[PDB]
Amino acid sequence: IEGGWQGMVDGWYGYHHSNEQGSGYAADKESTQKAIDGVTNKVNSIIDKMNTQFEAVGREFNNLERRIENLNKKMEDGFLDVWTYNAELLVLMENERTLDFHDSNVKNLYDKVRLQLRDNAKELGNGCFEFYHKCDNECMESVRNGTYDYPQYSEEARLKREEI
């Protein structure tokens, strides 16, 4: 949310923890995959649906066939205008959807975490949670894979909240 992780080389979306055991990055396997599967077929669908073109031609006319020639010319400009127009608005529209597709997926990671540790952590309002409790590497792995036990740190979180 404050920007991207220059340091996350492992994937498109993921985590960054810091604790007494140190720090580290960790990409989400499922989320990054889902995004690539989605984005790539988007590209292909745009490319593959274009299967239309096969034949190609110019065309030749004499001096007493200027109406027909102009008719031919306007047919080509006609379809060119339409096809230019489509491709450009296809890209703009779809590029936008791609970009907030990523925003939506990042938000989903943030929410999966926020649900697992309600009052066990402080929402810093920055993309990060300040855990109330001590969260060792295994506690951190646990919040990443969904397999995080809330009640273990329950009163610890409550009691160290109550320090404030």
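Numbering starts at 1 and runs along the sequence shown.
Looking at the deposited entry, does 31-39 or 48-56 carry the larger mean Cα B-factor?
So the stretch with the higher mean C-alpha B-factor is 48-56.
Looking at the entry, does 64-72 or 111-119 show the higher mean C-alpha B-factor?
Of 111-119 and 64-72, the stretch with the higher C-alpha B-factor average is 111-119.
Looking at the temperature factor on the CA atom of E20, which third of the chain's modelled residues does it land in?
Bottom third by C-alpha B-factor.
Per the entry's values, where does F101 land by CA temperature factor relative to the rest of its chain, in the lowest, middle or highest third?
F101: CA B-factor falls in the lowest third of its chain.
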